[PDB]
Amino acid sequence: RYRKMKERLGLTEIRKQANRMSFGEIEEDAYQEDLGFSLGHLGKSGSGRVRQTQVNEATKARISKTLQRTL
Amino acid sequence: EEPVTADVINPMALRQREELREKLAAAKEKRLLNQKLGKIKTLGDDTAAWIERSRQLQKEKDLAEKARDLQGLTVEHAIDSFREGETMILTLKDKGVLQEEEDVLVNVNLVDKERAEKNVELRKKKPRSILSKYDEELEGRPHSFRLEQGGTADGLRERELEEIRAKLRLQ
Amino acid sequence: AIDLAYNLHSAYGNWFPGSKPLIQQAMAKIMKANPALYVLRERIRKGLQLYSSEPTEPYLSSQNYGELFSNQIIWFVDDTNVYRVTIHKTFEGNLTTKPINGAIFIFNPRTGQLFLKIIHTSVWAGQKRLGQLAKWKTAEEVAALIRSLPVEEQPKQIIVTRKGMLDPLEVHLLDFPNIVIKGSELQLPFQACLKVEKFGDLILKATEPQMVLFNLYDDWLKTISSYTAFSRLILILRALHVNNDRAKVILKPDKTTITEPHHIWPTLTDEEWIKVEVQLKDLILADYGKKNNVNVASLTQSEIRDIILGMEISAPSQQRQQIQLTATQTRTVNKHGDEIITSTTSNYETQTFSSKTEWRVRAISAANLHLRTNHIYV
Amino acid sequence: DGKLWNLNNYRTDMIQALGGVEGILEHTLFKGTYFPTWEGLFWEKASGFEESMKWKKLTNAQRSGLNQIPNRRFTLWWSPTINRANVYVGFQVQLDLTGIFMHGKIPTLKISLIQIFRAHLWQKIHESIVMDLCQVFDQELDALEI
Amino acid sequence: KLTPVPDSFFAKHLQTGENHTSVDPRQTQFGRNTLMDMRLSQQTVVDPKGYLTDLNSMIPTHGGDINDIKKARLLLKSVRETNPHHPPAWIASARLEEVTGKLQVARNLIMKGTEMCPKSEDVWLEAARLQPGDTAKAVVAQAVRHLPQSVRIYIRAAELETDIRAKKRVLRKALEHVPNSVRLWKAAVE
Amino acid sequence: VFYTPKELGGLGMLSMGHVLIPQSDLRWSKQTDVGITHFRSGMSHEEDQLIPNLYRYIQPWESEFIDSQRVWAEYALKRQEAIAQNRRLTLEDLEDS
Amino acid sequence: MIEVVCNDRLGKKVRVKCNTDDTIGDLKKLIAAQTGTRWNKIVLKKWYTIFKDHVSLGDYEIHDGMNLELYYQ
RNA sequence: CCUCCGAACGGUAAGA
């Protein structure tokens with residue numbers, strides 16, 4: 001249980017990479033509706049890795065037990 | 001004072017300049033390739049006499065049927081570290097692909113021996129160039145030698161002659 | 001005067017012959033290299049959360065070594081032995097040098113299938129650059145082989161022993177984004193597997209480079225698990241990396257020791273396997289103690305684990321932990337500048353210098369001066 | 001509709017008006033970090049501790065004291081400009097373990113400076129520089145006639 | 001509890017983008033790498049695996065799957081300097097420069113790849129698709145000239161050149177080279 | 001501190017005011033082997049520098065509508081050209097607009 | 001001609017225009033003009049640091065707008 | 001031509 005709950009709340013590589021931000025490399029302001037929203041090294045061609053990051057399956061949104069039984 | 005001439009470092013303007021330069025160079029290369037790709041005809045006449053041509057071609061083809069590379073390579077080990085008569089295998093040192101550096105040969109066993117010796121000295125070292133103690137921090141030095149022509153490294157004879165000369169001076 | 005917030009330095013005052021250039025060079029070197037200044041700069045960096053071009057990849061260390069033993073398929077790509085040469089210094093003269101064939105390791109710990117790719121010397125004919133070609137050739141063969149197995153046998157994550165291979169692998173597997181290419185903190189002894197005389201006798205006398213398949217879990221999987229076989233293999237390979245000859249004798253506890261040509265390791269029983277593993281562990285610890293001047297009985301459990309798996313970190317003299325009481329009377333000023341005499345006990349300007357001009361140091365140097373009168377250079 | 005506005009020229013001309021990277025970074029602690037160049041650096045919008053504490057069942061008073069780390073880091077980054085005695089005219093106050101003068105009570109910066117000079121770092125820097133100068137004068141005492 | 005957002009949100013935000021290289025001329029005002037060496041998979045312990053070749057996956061499937069575009073560009077540059085007779089290295093470099101929306105640089109790089117590695121197939125018929133129009137026709141003509149004239153590039157020429165007035169000539173020049181292809185005979189017959 | 005883009009560490013706010021940068025702010029210095037050298041952008045008897053106003057960098061609505069009509073008129077002809085040549089718009093025909 | 005605020009927190013807060021080439025003596029003379037205390041009876045401090053009369057204002061880096069604490073002798 | 005030059009506080013480390 002502790003391992004599963006730590007993996008769910010753990011800082012995934014894609015979420016780790018959005019935390020960062022390049023120094024002096026100014027990003028274009030995507031997402032009009034809220035400026036300041038910026039992905040980190042996700043696609044900014046900064047200092048990340050060559051391949052695209054993959055979504056962690058443990059972060060996939062799921063529904064409750066009572067909600068499922070009502071469904 | 002009277003502050004001197006300073007160019008404003010603008011990263012965005014720098015990237016825009018590089019993009020314009022790249023576009024202009026690509027256009028130049030495109031037009032050069034177009035000049036090159038013009039002098040070659042792009043035919044990559046009739047129908048029935050073409051079949052007659054094919055028959056003649058069939059007749060025609062029927063008738064036709066009837067140690068030197070290791071010069072200059074650097075070894076990141078002391079020459080004395082090699083025992084006499086023992087065949088040692090040197091591996092290539094790990095280097096980043098996006099790093100232009102001369103290729104270096106290295107034996108893993110000699111490396112871990114040297115690391116162990118360095119740690120032994122570091123424990124033994126319980127606490128001249130100007131501030132020589134920062135030479136390790138400033139410049140970052142393993143002993144190295146370069147293979148000569150034919151892959152042969154003959155440098156121990158010179159050191160032996162130096163030792164003999166020093167002993168003769170002592171005598 | 002030193003400006004710490006801007007890392008500037010200057011000096012005003014009287015100068016005597018040879019002092020100005022000396023202080024110029026000394027201060028240039030001090031500002032660039034200083035334990036305390038480095039500590040200050042690192043502390044500012046940590047406070048600001050400003051890092052330098054090192055977004056860390058996934059990293060196999062000694063702490064997450066347990067997760068290496070899951071049910072998914074792992075590979076252990078290794079190019080340490082791609083470009084191999086041999087030298088020996090004949091005591092009469094020069095250094096002979098002969099390039100040999102190289103090898104590419106694609107070892108799989110779950111099933112034991114060691115994929116080997118041999119490299120003939122002919123490929124290194126007119127190459128001004130050896131390392132880059134080795135990396136890219138190894139990555140090319142990695143992606144070539146990864147496409148031959150079906151989806152149920154392809155790796156879930158690939159681990160490379162050498163950190164310089166991270167970039168090429170992430171390029172040759174662009175079409176394959178699911179395999180997580182991972183680094184390795186701990187030096188896995190996979191270059192020592194060529195020290196087995198079967199691999200050497202094959203590669204050293206081989207041409208026309210061709211792929212070949214092996215299996216390092218010869219008959220172990222019939223009686224032991226997968227990550228027990230991997231741990232046994234790691235112990236054996238670390239030993240062969242350590243001596244390769246003492247462990248050769250240990251690998252034959254008898255004179256029969258039926259190591260049939262059908263496989264590579266001697267056909268031995270598990271109960272004797274425990275004993276030979278104990279001897280092998282003792283050999284590795286004894287060699288570590290011999291090389292590092294440590295006591296094998298003094299090693300802790302995690303110390304032995306780190307010894308077997310990878311390596312250990314050292315500690316240079318430049319690494320400073322600047323992070324009884326002797327009272328001292330000093331002529332100081334108070335806050336208002338009243339020229340008082342104080343007696344302090346805080347040990348913060350008490351480091352004695354004692355260099356080259358002290359009576360004690362001079363006398364210590366004068367000791368053994370009689371032994372310095374041998375080589376009388378007239 | 002698409003993004004009907006582009007702000008690349010605005011940012012470019014803003015950096016030009018502020019003097020570029022050189023003109024901007026001297027209002028900051030960048031030179032105190034002693035990075036060789038600004039090219040390859042990157043930020044961390046949250047630290048490991050601050051990220052791990054973002055969901056740990058904290059009280060409201062604990063969370064209120066945890067949403068101040070970004071402000072403290074911003075104040076420390078621009079500290080060579082906010083704490084200037086040109087801005088914030090008034091008397092200066094010295095932190096009693098360092099040579100830092102505080103031109104105004106800037107509580108989000110006094111703490112970041114107390115953390116940086118913990119364990120008597122100012123005195124240790126002075127001692128280290130004194131000892132390094134003693135060594136360099138010792139290696140040069142025959143030519144220097146000392 | 002707080003339970004941060006799923007990673008799918010970041011993935012979809014970064015997926016919004018990498019728009020496209022072309023648009024179907026129907027939308028109105030409102031509407032990669034090598035696979036060049038395989039090896040057959042199957043006592044004694046030595047197993048030479050017979051290695052074969054399929055030499056590429058021509059159709060462009062991967063797209064926008066690149067992070068750190070300039071790092072990938074540098075890496076592929078290094079590949080092409082170190083292994084310049086590697087056709088899919090040039091193929092991947094051209095496709096990467098094409099993905100970003102830098103068509104002309106990709107065209108120049110595939111031209112240099114055709115020049116440098118001409119004894120291949122897929123480099124030529126990907127340079128044909130990167131190069132537009134008459135330039136593509138000239139590239140196909142060069143490929144026909146040098147590559148030993150028993151290939152599929154002839155059907156590419158017949159498809160891309162013109163109507164039957166020139167398609168007939170293209171098919172005739174194809175069948176004149178190695179007159180044994182069933183596909184060429186079928187194309188010429190109709 | 002307010003108008004520096006967040007990547008460089010500032011707040012990165014946009015300005016519709018008339019904020020002035022004093023000449024004392026656009027000067028700096030660096031340490032080299034030969035001592036300290038002083039630099040500044042606003043060197044001479046110049047006009048007081050304003051941080052750029054946001055208005056000049058938004059295209060007005062009338063100009064944008066006229067440009068929209070012209071751009072889509074060009075796109076229609078380019079699409080007709082694409083149809084007549086059995087090709088798709090390769091992002092280079094639509095690069096100027 | 002820079003402008004320095006010389007403040008006594010009890011109350012003497014004064015504003016003095018002065019040159020950068022001015023020594024602390026000239027600045028003390030101007031403060032004397034604007035406060036009434038004799039110039040040789042004025043001390044200019046920076047929290048404990050006493051500015052000395054023979055040093056120019058440029059050397060002390062007393063810039064335009066800086067506050068100097070006013071004490072008396 | 002433009003001459004209106006303001007101030008104090010919100011700036012206490014807590015201890016021994």
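Residues numbered from 1 in each chain as written, not as in the entry; some residues may be left out. Chains lettered and ligands numbered in written order. Part of a larger assembly, values for the part shown. Heavy atoms only, no water. Residues with missing side-chain atoms left out of burial classes, pairs and counts.

For chain C, the name recorded in the PDB entry is Pre-mRNA-processing-splicing factor 8, with Homo sapiens as its organism. This entry carries the title "cryo-EM structure of the human spliceosomal B complex protomer (tri-snRNP core region)".

Asks: Run through the nonpolar core, naming residues and quoting values.
Replies: Formed by 61 residues in total, the largest nonpolar core has its most connected members in A:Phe23, C:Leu50, D:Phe30 and D:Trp77. Contacts of D:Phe30, omitting those with residues within four sequence positions, involve A:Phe23, C:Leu50, D:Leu25, D:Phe35, D:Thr37, D:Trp38, D:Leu41 and D:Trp77. (Core = buried A, V, L, I, M, F, W, Y, C linked by side-chain atoms within 4.5 Å. Buried < 20%, exposed > 50% of the residue type's maximum accessible area, 1.4 Å probe, protein only. Contact = heavy atoms within 4.5 Å.)

Asks: Which residues make up the side chain of B:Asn10, and what are the values?
Replies: By the element assignment, B:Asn10 lies in the segment before α1 (11-36). In this structure B:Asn10 touches D:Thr12, D:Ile15 and D:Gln16, once residues within four positions along its chain are discounted. (Helix = DSSP H or I, 4+ residues; strand = E, 2+ residues; numbered from the N terminus.)

Asks: Pulling in residues and values, what's your account of the interface of chain B and chain C?
Replies: Reports of interface size often rely on the accessible area that becomes lost once the parts have come together. Across the contact, 50 residues belong to chain B and 53 residues belong to chain C. Carbon and sulfur atoms make up 59% of the surface buried where chain B meets chain C, a total of about 4,400 Å² over both sides. Our count for the contact surface shared by chain B and chain C stands at 3 salt bridges. Between C:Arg129 and B:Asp103 there is a salt bridge whose closest N-O contact spans 4.0 Å. At the surface where chain B touches chain C, the tally comes to 16 residue pairs in polar contact. Taken together, the elements giving at least two residues each to the side of chain B that touches chain C come down to β2 (88-92), α3 (108-124) and α4 (135-139) of chain B. (Buried area = accessible area lost by both parts, 1.4 Å probe. Salt bridge = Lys/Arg side-chain N within 4 Å of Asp/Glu carboxyl O. Polar contact = N/O pair within 3.5 Å; in protein donor to acceptor, adjacent residues only side chain to side chain.)

Asks: Please set out the protein's contact with RNA strand H residue by residue, giving values where relevant.
Replies: Close contacts around RNA strand H come from D:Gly90, D:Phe91, D:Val93, D:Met102, D:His103, D:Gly104, D:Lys105, G:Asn7, G:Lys13 and G:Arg15, and that covers them all. For RNA strand H, the backbone makes up 71% of the atoms found within 4 Å of the protein, where backbone means sugar plus phosphate. Within the backbone of D:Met102, one N or O atom sits 2.9 Å away from a base nitrogen of RNA strand H. Within the contact set of RNA strand H, a base nitrogen lies 2.9 Å away from a backbone nitrogen or oxygen of D:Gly104. Its residues placed into classes, the surface near RNA strand H shows 3 nonpolar, 4 polar and 3 charged. (Near = heavy atom within 4 Å. Nonpolar A, V, L, I, M, F, W, Y, C, P; charged D, E, K, R; others polar.)

Asks: Describe empty space enclosed by the protein, naming the residues involved and giving the relevant values.
Replies: Computed from the structure, the second largest cavity encloses a volume of approximately 40 Å³. In terms of lining, the second largest cavity is formed by A:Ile26, A:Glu27, A:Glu28, A:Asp29, B:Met12, D:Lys3, D:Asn6, D:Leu7, D:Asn8 and D:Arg11. For the lining of the second largest cavity, a count of residues per class yields 3 nonpolar, 2 polar and 5 charged. (1 Å grid on protein atoms, 1.4 Å probe; cavity = no way out; pocket = protein on both sides within 12 Å on 5 of 7 lines; lining within 4 Å. Points joined across faces, edges and corners; volume = space filled by probe spheres on them.)

Asks: Residue-level account of the pairing of strand β9 (residues 115-119) of chain C, with values.
Replies: All names here are of chain C. Counting buried positions over the 5 residues of β9 gives 5, a clear majority of the element. Because side chains alternate across β9, one face comprises the buried residues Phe-115, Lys-117 and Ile-119, and the other comprises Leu-116 and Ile-118, equally buried. Where strand β8 (residues 102-105) and β9 come together, 4 bridges link them in antiparallel fashion. Each residue of the ladder has a partner; that of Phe-105, found in β9, is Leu-116. (Pairing = 2+ DSSP bridges.)

Asks: Describe a nonpolar patch on the surface, naming the residues involved and giving the relevant values.
Replies: A cluster of nonpolar side chains, A:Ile63, A:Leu67 and A:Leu71, forms an exposed patch at the surface whose accessible area comes to about 310 Å². Within the fold, A:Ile63 resides in the loop between β1 (20-22) and α3 (65-70). (Patch = residues over 30% accessible without salt bridge, like charges linked within 9 Å, V, L, I, M, F, W, Y side chains within 5 Å. Areas by Shrake-Rupley, 256 points an atom, 1.4 Å probe, with all protein chains shown as cover.)

Asks: Describe the sheet that holds strand β1 (residues 41-44) of chain D, and please don't skip the residues or the numbers.
Replies: Taken in spatial order, the 3 strands line up as β1(A)-β1(D)-β3(C) in an open sheet, and their pairing is antiparallel. One side of each edge strand has no neighbouring strand; the edge strands of this open sheet are β1 of chain A together with β3 (50-52) of chain C. When the angles between neighbouring strand axes are averaged without regard to direction, this sheet yields 35°. (Axes fitted to C-alpha atoms, helices over the stretch in contact; angles between N-to-C directions.)

Asks: Go over the packing of aromatic side chains, please, and point to the residues and values.
Replies: The final tally for this structure, using the stated rule, is 32 aromatic pairs over all chains. Taken together, a centroid distance of 5.3 Å and an interplanar angle of 50° make the contact between A:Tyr31 and A:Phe37 tilted. The exposure class of A:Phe37 is partly exposed, given its relative accessible area of 28%. Here D:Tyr10 and F:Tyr57 contribute two aromatic rings whose centre-to-centre distance is 5.5 Å and whose plane-to-plane angle is 75°, an arrangement assigned as edge-to-face. Residue D:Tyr10 is found in helix α1 (residues 8-17), and its partner F:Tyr57 is found in the loop between β4 (49-50) and α1 (61-84); the two belong to separate chains. (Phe/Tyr/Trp six-rings, centres within 6.5 Å; stacked < 30°, edge-to-face > 60°.)

Asks: Account for the packing of helix α6 (residues 69-77) of chain D against helix α8 (residues 107-116) of chain D, naming residues and giving values.
Replies: Two numbers describe a pair of packed helices, the interaxial angle and the distance between the axes. All names here are of chain D. At their nearest, the axes of α6 and α8 sit 8 Å apart, and the two run at 75° to each other. Between α6 and α8, the angle is such that the two are roughly perpendicular. Facing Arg-72, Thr-75 and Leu-76 of α6, the residues of α8 in contact are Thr-108, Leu-109, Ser-112, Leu-113 and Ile-116. Partitioning the contact of α6 with α8 into residue classes produces 4 nonpolar, 3 polar and 1 charged. (Parallel < 35°, antiparallel > 145°, perpendicular 65-115°, else oblique.)

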